[PDB]
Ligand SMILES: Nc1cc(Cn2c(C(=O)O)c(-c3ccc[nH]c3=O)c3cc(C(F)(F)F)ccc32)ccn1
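In the block that follows, a single chain appears as structure tokens, in the form deposited without the named molecule.
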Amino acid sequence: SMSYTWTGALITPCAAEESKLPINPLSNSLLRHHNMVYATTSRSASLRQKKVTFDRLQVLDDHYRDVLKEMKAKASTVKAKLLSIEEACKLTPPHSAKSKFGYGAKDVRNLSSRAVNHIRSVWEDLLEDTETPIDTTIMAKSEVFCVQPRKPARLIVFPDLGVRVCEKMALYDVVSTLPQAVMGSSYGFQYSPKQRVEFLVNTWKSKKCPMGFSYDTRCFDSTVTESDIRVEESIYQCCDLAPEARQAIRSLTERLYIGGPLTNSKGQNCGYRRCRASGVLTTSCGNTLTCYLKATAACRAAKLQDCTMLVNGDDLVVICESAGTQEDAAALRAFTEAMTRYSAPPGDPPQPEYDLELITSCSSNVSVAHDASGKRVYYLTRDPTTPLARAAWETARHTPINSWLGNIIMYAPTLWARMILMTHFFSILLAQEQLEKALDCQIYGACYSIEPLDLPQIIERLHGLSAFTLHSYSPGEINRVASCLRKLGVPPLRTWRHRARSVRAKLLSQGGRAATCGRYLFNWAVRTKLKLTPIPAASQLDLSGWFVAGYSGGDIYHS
């Protein structure tokens, strides 16, 4: 069937939309080519609509059905718990879209009478009505990028705040534990960046002669069929569930997940969806399971040897035993025709790779550098273009989520995150006296509140002390960063080194946690190195909850 059907009504914004980077005194210090940075808006919604609108073709075979059964057998060991209204409300982010039923996110978190009672009524309705298509709002997503040698806006589809809390009640526990139980070491969200690197590096070095590839599915959400969503539910149903959880899942599947009506910001009937909605709680889990199912069966059809895959939502990376240049190419091509028949056609054409560093998955790649003792250490990195573009936008405007804070956490070991992101933001925070002020960021889609001052501990626990001593990066990594800096008009190392030394001196004079930031975060900027020993508060953090599952679009907040 058609992924989408349009009534002709337009995808409208619910307020003025900013497209250009403001000429701000602070952003310009970070990036000078401001005309190269832009924010996607509803003005390009039509372009995206055309790309994501098409009739899906799907042909299922014995491999598909075989993998499906293997997955179900594992789901059969799970027991989900069903969250209480209160627990569910607590998972709602403070900046979550307000309900249209007389209350907002703050009211939800405060367990206000009007939020709870309405939420209760939406839940009773899921138990009683198993058919009526639940209403969804479709909006053009606002995302920042750097122009290329422009991306149309992404389309987000999400139901009312009331339905969102209900999703959590019924499926939060399911989407947090089932993926790992069914996919094992292949589920990527259970890994922190260092651990994802470990898994990739080990899988790679474990092969006699490794061959790997990333697989980009052209517009994955739209390739998701009604069959995929019901199959997905068949997996969730293998869990021991509370009677009401079971019914809620059944109802949500038929009324929300398989598809439903689309309404714009003006309340006008916009169209109908028969594919994956990006803004629901099961998106990440549903995409991971579906992508894992199709790719696993495709590998079997393609005769790829000793396949090892890692999956994160629609993102897929596979590593296997090479059978020779020619054979590998053919087998990969076969894998693709197999994924195509499963309604998962390729966007970027897949290509075999024999150099781990060149393999890009989850927009990142493994690279290597050396610690103070000259020891080789592998870490995760990525092209810094988008991160810096977004850092500049966030420097000019206030935003609910601060991608720069998340990028510093996830990419702490990198040359670019350390030299620029850390130097730039600590300079601003210290100048505005806001080092104590906790800010929100996202990790695997979930929103977290983090105090800039705890970064030292955090970084040590997640990456190890070597994160503060890496040097001698790969020429490939160095060429990519330098290339990025010239393009965006970012000041050279010498300038950052000077700003970093000043930032550090001030941080040290404040003592306490600030001084701790100055010592560890910016030791690279001084010649007279300091001895970096384990930080006491480090081995006392509870970061385990950070890497359990993906939640992008799931409207999740972790206190």
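All residue numbers are counted from 1 along the displayed sequence. C-alpha atoms forming the largest set that superposes within 1.5 Å between two forms make up the rigid core.
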Between 212-220 and 470-478, the one whose CA atoms sit farther away in 5 other deposited structures of this protein (rigid core aligned):
470-478
When the core is superposed, where do the C-alphas shift more in 5 other deposited structures of this protein: in 133-141 or in 394-402?
394-402
Is residue 541 missing in a third or more of the other PDB entries that were compared?
yes
Relative to the deposited sequence, how many residues with no modelled coordinates occur between residue 149 and residue 150 (none, 1 to 3, 4 to 9, 10 or more)?
4 to 9
Return whichever of 112-120 and 164-172 has the greater mean Cα B factor according to the PDB record.
112-120
Quick one: say whether 378-386 or 430-438 has the higher mean Cα B-factor in the deposited entry.
430-438
Highest Cα temperature factor in the entry, among the options 324, 279, 313, 259: which one is it?
324
Of the choices 188, 179, 93, 286, which one's C-alpha carries the largest B-factor in the record?
93
Where the record places residue 507 (Cα B-factor, split into thirds across the chain)
highest
Pull the Cα B-factor of residue 349 out of the PDB entry and bin it into the chain's lowest, middle or highest third.
highest
Among the modelled residues of its chain, does the C-alpha B-factor of residue 494 lie in the lowest, middle or highest third?
lowest
Is the Cα B-factor recorded for residue 394 in the lowest, middle or highest third of its chain?
highest
CA B-factor ranking of residue 400, expressed as a third of its chain:
highest
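In what follows, reference is made to the form solved in complex with the named molecule, a form of this protein that is not presented.
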If we define contact as a non-hydrogen atom of the residue within 4.5 angstroms of the partner, is residue 315 a contact of the named molecule in the bound PDB entry?
yes
Check whether residue 236 has any heavy atom within 4.5 Å of a heavy atom of the named molecule in the bound PDB entry, and answer yes or no.
no
Verify the contact flag for residue 411: yes if a non-hydrogen atom of it lies within 4.5 Å of a non-hydrogen atom of the named molecule in the bound PDB entry, no if not.
yes
Interface membership of residue 196, the named molecule in the bound PDB entry, 4.5 Å heavy atom rule
yes
Answer key: of 263, 336, 364, 180, within 4.5 Å of the named molecule in the bound PDB entry (heavy atoms) is 364
Assert contact residue (the named molecule, in the bound PDB entry, non-hydrogen atom within 4.5 Å, options 104, 445, 464, 271) equals 445
Would you confirm whether the three residues 93, 119 and 172 all fall within 4.5 Å of the named molecule in the bound PDB entry, going by non-hydrogen atoms?
no
Within 4.5 angstroms, counting heavy atoms, which one of the listed stretches 108-116, 74-82, 236-244, 400-408 is next to the named molecule in the bound PDB entry?
400-408
